[PDB]
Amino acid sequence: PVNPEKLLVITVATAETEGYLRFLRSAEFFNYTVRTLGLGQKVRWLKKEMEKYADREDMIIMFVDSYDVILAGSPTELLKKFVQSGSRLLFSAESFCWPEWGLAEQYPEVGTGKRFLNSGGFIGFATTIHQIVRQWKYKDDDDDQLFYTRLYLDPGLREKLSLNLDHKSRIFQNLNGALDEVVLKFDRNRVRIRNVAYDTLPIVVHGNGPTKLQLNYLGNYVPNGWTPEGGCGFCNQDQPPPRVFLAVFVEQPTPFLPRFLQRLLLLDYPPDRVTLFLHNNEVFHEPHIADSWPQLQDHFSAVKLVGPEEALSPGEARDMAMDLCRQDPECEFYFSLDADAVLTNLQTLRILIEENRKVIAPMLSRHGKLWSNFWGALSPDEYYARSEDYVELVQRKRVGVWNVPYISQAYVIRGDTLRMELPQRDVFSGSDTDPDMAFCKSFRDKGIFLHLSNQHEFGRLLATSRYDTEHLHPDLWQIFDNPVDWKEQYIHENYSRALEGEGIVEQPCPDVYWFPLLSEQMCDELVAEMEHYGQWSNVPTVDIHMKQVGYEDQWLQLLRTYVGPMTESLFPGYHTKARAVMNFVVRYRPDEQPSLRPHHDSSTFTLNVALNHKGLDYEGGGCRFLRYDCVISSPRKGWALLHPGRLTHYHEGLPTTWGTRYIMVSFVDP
């Protein structure tokens, strides 16, 4: 048994990049001892280091890269596997032969394993290593592969110093040419990989060639990145703050944007330490931003608008917003947030900063689906592809902070990373690539990790694909594509609490029920949308139907989702599908039709919703039920009334004395 205390890991690193520190923590997990050289040219550095270990027969030494390497096994298993190899210096094997390709005939014939050599990782005796590395006397420009290559192809030297290759990946697993051979193997508190082509559990995982992101994905688990019983290994889980530059971007017509601007005033973070930047490409949103801008500039320390008059493409706008933080030494962090991002959690900026990352993004997914603000993998064309664990991450099966090749719409970048590591302005611009794709590619080409955190519930994304802009109030027609947000602005706040009970629902007259349904904004926007049409009109009324305006299917879904479940709750035994042919708003002013004579309605039950206040917009009677000697004298605006429409409830519309009355009614279940 070789003593672990005589195994040394030697690696090269000119800078402490994020890939190097990841390699170091995988080594400290297995309690390795690592010698880092320099905090073909690295062969010159290894050769110099091996002159101290020229006579060290007692020492095993393994040399690997650091930027694209992670350790998966313990040193004792590593030394044990090296003894079974029966070699004095064991190299790594690969599926390809490079630099020179014609040397493929030189190599010995291997049955099923890999045949060629890879200098990215080898292990052997310090004496045998020294006799090999010290023969190097060449230029720094020439690669390291060709040197160790033909030395192995020397048949006499191959037999004298016992040189062999890890043909079946017992210790070294090179990913290029074997991505389909590598899977992960989980355990209680550690993860590992397995070569299913030879059924081996390698120690060293090296992401050579175009397998960088494949190692970033493996690096999220191996060795203790994420464990099924311990979770993440490096995320947080359980006096002034930094100064941040908040950059809002409105590059497309975004629904509920007034709610976005009002939400910026509620982020739990000292506003005097946040500098707001806002770019608006749409002339549609200039009113909305103008309404909120007085509150914005009085809340934050400094603000700035770049409206549509500058005519800046989204790439040029994102360059300027980030460059204004890089050229400001007081900008410690840069928070870029798009308009189509709703942040339910109001501490994301604090939590994302405390993760102490360079580029971290909060995970946001559209309500109920899989699409999110990140890509688990890429295609050869750098287009989208689904990773093996993409769905487990979106569904929050496995939580933590993950090395992800793509992020968008929301991310926090360290300020010093911008000036020192990505100092150019053409981050988003410069090519025919999408401005959000060139952003992520600009960070990966610098070896910078794009972190995605799903440890908390952060928020959701808005469906802004087909946003019909030809409406006086476009957010009304958004009951289909963004229902969870449509309910927050239009459904009464105490409606959901009314469905569960709590005794807020009232029965003013026998078999008529009174519950809050619509919000004051829903009624005001509905009245305005009706008057904007203008063309007002077997008891007759002065009314306008939702069909001629184009809001029937939208109001029918409000019936299916909100009044149906409310009907079955108040009438135990009745089941409703919310079918209604007659949906219309009625006007009551003393100049035309101030009242409505007694009548029945051709429907099973009716829903009568007020649309304005009592005493502010008009003064007059409500709804009178003759057979019961009971009248709804003081109606409530956002509240609605439910009564059977046939036989039992002969009701009369009492006259309006002054002003104008608006009510919404639907003869449902005819």
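Residue positions are given as counts along the sequence shown, with the first one as 1. Rigid core here is just the name for the largest C-alpha set that superposes within 1.5 Å across the two forms.
- Averaged over structures and residues, the CA distance from the shown form in 8 other deposited structures of this protein after a core fit is larger for 136 to 144, of the two stretches 136 to 144 and 341 to 349.
- Of the two segments 189 to 197 and 229 to 237, the one whose CA positions lie farther from the displayed form in 8 other deposited structures of this protein, once all are superposed on the rigid core, is 229 to 237.
- Gap check for residue 537 to residue 538: 10 or more deposited residues are absent from the model.
- The entry models residue 54 and residue 55 with no unmodelled deposited residue separating them.
- In this entry, the higher average B-factor at the C-alpha atoms falls on 383 to 391, of the pair 383 to 391 and 174 to 182.
- Checked against the record, the higher mean CA B factor of 354 to 362 and 110 to 118 lies with 110 to 118.
- Within the selection 63, 67, 32, 45, the deposited Cα B-factor values reach their highest point at 45.
- The PDB entry assigns its highest CA temperature factor, among 224, 280, 372, 135, to 135.
- Per the PDB record, residue ranking by Cα B-factor puts residue 301 in the middle third of the chain.
- Residue 255: CA B factor in the middle third of modelled residues in this chain (values from the PDB entry).
- Residue-level temperature factors show residue 518 in the middle third of its chain, judged at the C-alpha atom.
- Among the modelled residues of its chain, residue 59 has a C-alpha B-factor that falls in the middle third, as given in the PDB entry.
- In this PDB entry, the Cα temperature factor of residue 413 sits in the bottom third of its chain's modelled residues, the lowest group.
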